[PDB]
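*Asks:* Coordinates only, no sequence provided:
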Ligand SMILES: *[C@@H]1O[C@H](CO)[C@@H](O[C@@H]2O[C@H](CO)[C@@H](O[C@@H]3O[C@H](CO)[C@@H](O)[C@H](O[C@H]4O[C@H](CO)[C@@H](O)[C@H](O)[C@@H]4O)[C@@H]3O)[C@H](O)[C@H]2NC(C)=O)[C@H](O)[C@H]1NC(C)=O
Ligand SMILES: *[C@@H]1O[C@H](CO)[C@@H](O[C@@H]2O[C@H](CO)[C@@H](O[C@@H]3O[C@H](CO)[C@@H](O)[C@H](O)[C@@H]3O)[C@H](O)[C@H]2NC(C)=O)[C@H](O)[C@H]1NC(C)=O
Ligand SMILES: *[C@@H]1O[C@H](CO)[C@@H](O)[C@H](O)[C@H]1NC(C)=O
Ligand SMILES: *[C@@H]1O[C@H](CO)[C@@H](O)[C@H](O)[C@H]1NC(C)=O
């Protein structure tokens, strides 16, 4: 950004009732307001639309994994409450008996 | 037997606000064909129940947009995006995977609308009924909200008690109002003894108790 | 011309998974047995409702796709992640395998549990042809065949 | 384009054979699952059983000892018989239908869907004989209406068992009709009030008749309501 100077940003957590002391005489970018945390959230990184019509609980960069199946072969980094990432793309669970065809006589 | 438990069991909502209904099943509801068969049913005032949601999420044809079903395998939720006066009634959930079909307890949804003062009318007992020895004086409160009203019978400024039975209509499907019918039943001999039959109505929409009376016989 | 399950499965049977195919003076009949087929279906369903169950543990980001982390800590994360990937992938392929064997052997169990029931019913009045059928040594009209199905044969 | 119409006795005596029948309009009985769902007075829906042509009267265990279902493909009527009836079997008895896909082998071993419903039949199970109602007009008092609106109604009193139907002017009058829920008097008989609000200028010029039907006693009443003549 055209400026060959550089600003090093540091941070610390000031315990309640504690004091942070700044002693300086130049080259000091000073804090104006301190930040305080609010509540619970979840940090996700993505690159797709937001959609308030659809309701979801598992996120990867490509969108939302909505499934009841216990495994997924989408992304090994999906966050939230997610199926387990497995190497395989398909595991077929039999919901019926052994199929034995028929012959005429 | 699969146990369908709904919550809440009375869900009074405000006309045009959203609300949800949770249904928890004692067992998983998956089936071999890959579909979990939970359904949601709406039974409005004096009607056959109709199905809103089948297969947890699929809404049945001919149903308002605001009904959207959701759920997993034990925990399911019916979501209404915007409850209008026409969504009054009882709501059930049913599992449809395990013998036998079982229904939730049901959730009573009543619309919370603006206050409406009742119209009051009084009816002398017909002369035909007096031939049977009984006299039924009817007092009516028509089209009002909330459904909390006080109806005191005053036969000659004498507050009656015991002989008063009152019936209440269901909340209306368009204006969300009720209607009540207090019936003062007593004998032909007692009816012919006094003159003034008053009906004192006290309600929130009335800045003071309204009374409608009728003197015996007259016109 | 009629056969049983020691040979092949019938394709005409659609009211259920198991049934009786009989033959007498009045001709062939194919009618499913309801109790046995439900006992098979209700146990495969018992599997689904146990494996479809969700996990309620929420994991957050520790990696960073946009802005890479220290090479050491990242390599160790990658090492742990790929090691966990291997365990679930193994636990998954095995579970499908076991449950598919238990499923296949479950339905075979219920076919015999029905065959060995009809056997004790007929007592000393029929013989085992060997192909899942019973040569009945007495005239059995269409009413008598239905007595075998609904467990009233005397 | 399908409709289900229940029919049968309104009250059945204790220990009798409660019988009902759902008549099918505009569809073939061969192509559906057929369920009977009963709802006792203000309780959860109870699913009795389900049948389909080619037979399979799968029923709930609470009633299986006593339930009996069959369906006629020529008359198009699901039927039902509950033997040895109790006061607990006093309920609304809706019948219901569900889609039937012949090839879905696994569909006969799953509770049937509840796609269509009937209006529901009330079967009150008691021993008290059938009593037709008495209808008394609830008329305004000498046009002391004094408002923009006036009120008049009927009093369907002393009848058993439920229910009675009240239509005003053979159905032509619907706007503003409140037909109240029945209330059970201390005599063991029901009674309800049916009311309607009309413009005040309508008295004398408009005819007002409520029509009462108590199908248990095959009673039909047409009671005219009008202000009193002093
Ligand atoms: C620890 O593990 C992580 C994840 O496996 C690993 O980071 C990954 O590195 C690979 C490189 O080996 C990245 O893959 C691609 O590399 C090509 C090189 O040609 C790039 O062009 C890619 O970027 C473009 O392509 C994407 C797909 O179209 C686009 O979506 C993107 O916007 C770019 O246009 C990409 O970099 C892979 O992305 C990362 N994964 C991450 C960072 O999550 C890491 O290297 C491992 N650490 C060690 C020490 O081994
Ligand atoms: C194995 O089981 C699957 C289901 O788990 C069977 O496939 C399903 O078969 C039914 C047939 O009744 C199909 O139903 C139809 O679905 C459409 C929606 O796409 C619906 O609108 C219709 O009214 C009808 O109900 C269902 O789609 C189909 N599922 C598929 C194809 O994914 C399958 O036939 C079974 N196979 C065997 C060999 O038994
Ligand atoms: C900070 O210390 C003072 C003095 O001991 C005390 O009064 C105050 O309550 C403390 N603050 C908190 C948040 O405990
Ligand atoms: C068994 O079937 C016969 C007809 O084949 C029938 O008469 C009999 O009642 C049935 N018994 C039972 C217990 O269903």
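*Replies:* Okay, I see it. Numbering: from 1, shown residues only, chains lettered A, B, ... in the order given. Ligands and ions are numbered 1, 2, ... in the order given.
*Asks:* Could you use CA atoms for every contact and neighbour count after this?
*Replies:* OK.
*Asks:* Please identify the buried residues of stretch B:31-41?
*Replies:* B:31, B:32, B:36, B:37, B:38, B:39, B:40, B:41 (16 or more other CA atoms under 10 Å in any protein chain shown).
*Asks:* show me the contacts for the closest residue to residue A:74 other than its chain neighbours.
*Replies:* The shortest distance from residue A:74 to any non-neighbouring residue, by CA to CA, 6 or more residues apart in numbering or on different chains, is to residue A:85 (7.3 Å). Taking CA atoms under 8 Å, 6 or more residues apart in numbering or on different chains, we find residue A:85 in contact with A:71, A:72, A:73, A:74, A:75, A:76, C:85, C:88, C:89.
*Asks:* cool, residue D:129 as well?
*Replies:* residue D:160.
*Asks:* Does whichever strand or helix holds residue C:81 pack against any helices or strands, and if so which?
*Replies:* Using DSSP states H and E, residue C:81 sits within helix C:71-122. Applying 3 or more CA pairs under 8 Å, 6 or more residues apart in numbering or on different chains; DSSP states H and E, we find helix C:71-122 packed against strand A:84-85, helix C:34-51.
*Asks:* what do you get if the cut-off is 10 Å, keeping everything else the same?
*Replies:* Applying 3 or more CA pairs under 10 Å, 6 or more residues apart in numbering or on different chains; DSSP states H and E, we find helix C:71-122 packed against strand A:71-72, strand A:84-85, strand C:19-22, helix C:34-51, strand C:126-128, strand C:134-136, helix C:142-149.
*Asks:* how about the ones you listed, which one is nearest residue B:88?
*Replies:* Closest of the helices and strands packed on helix C:71-122 to residue B:88 is helix C:34-51, at 34.5 Å (criterion: CA to CA).
*Asks:* So which elements touch that closest one?
*Replies:* Against helix C:34-51 (3+ CA pairs under 10 Å, 6+ apart) you get strand C:19-22, helix C:71-122.
*Asks:* in it, what counts as buried?
*Replies:* Neighbour-count burial for helix C:34-51 flags C:34, C:36-38, C:40-49 (criterion: 16+ other CA under 10 Å).
*Asks:* Including distance to ligand 4, could those go into TSV?
*Replies:* Listed next are the buried residues of helix C:34-51 as TSV, based on distance: CA to the nearest ligand atom, whole Å:
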residue	distance to ligand 4
C:34	13
C:36	16
C:37	18
C:38	18
C:40	22
C:41	23
C:42	23
C:43	25
C:44	28
C:45	28
C:46	29
C:47	32
C:48	33
C:49	33
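*Asks:* Give the bridge partners for the residue nearest to residue A:74, please.
*Replies:* Taking DSSP bridges, one obtains residue A:72 as the residues bridged to residue A:85.
*Asks:* Distance of the closest residue to residue C:49 other than its chain neighbours relative to ligand 4?
*Replies:* In space, and not counting its chain neighbours, residue C:49 is closest to residue B:28: 5.1 Å by CA to CA, 6+ apart. Noted for residue B:28: a distance of 32 Å to ligand 4, by CA to the nearest ligand atom, to the nearest Å.
*Asks:* So stretch D:87-107, near chain B or not?
*Replies:* Yes - legend: contact between stretch D:87-107 and chain B by CA under 10 Å from any CA of the partner chain is shown at D:92, D:94, D:95, D:96, D:104, D:106, D:107.
*Asks:* and that stretch, how far from the chain's centre?
*Replies:* How far stretch D:87-107 lies from its chain's middle: 19 Å, per CA atoms, centre = their mean, to the nearest Å.
*Asks:* what about that stretch, start to end distance?
*Replies:* Stretch D:87-107 has its terminal residues 34 Å apart, counting by CA to CA, to the nearest Å.
*Asks:* buried residues in it?
*Replies:* Neighbour-count burial for stretch D:87-107, counted by 16+ other CA under 10 Å, picks out D:89-98, D:100, D:106-107.
*Asks:* which one among the residues of stretch D:87-107 next to chain B gets closest to residue B:139?
*Replies:* residue D:92 (30.1 Å).
*Asks:* How about that closest one: what's its closest non-neighbour residue?
*Replies:* Residue D:92's closest residue in space is residue D:122 (CA to CA, 6+ apart), at 4.4 Å.
*Asks:* my guess is the one you found contacts residue D:10, does it?
*Replies:* Yes - between residue D:122 and residue D:10 there is a contact under CA atoms under 10 Å: 6.0 Å.
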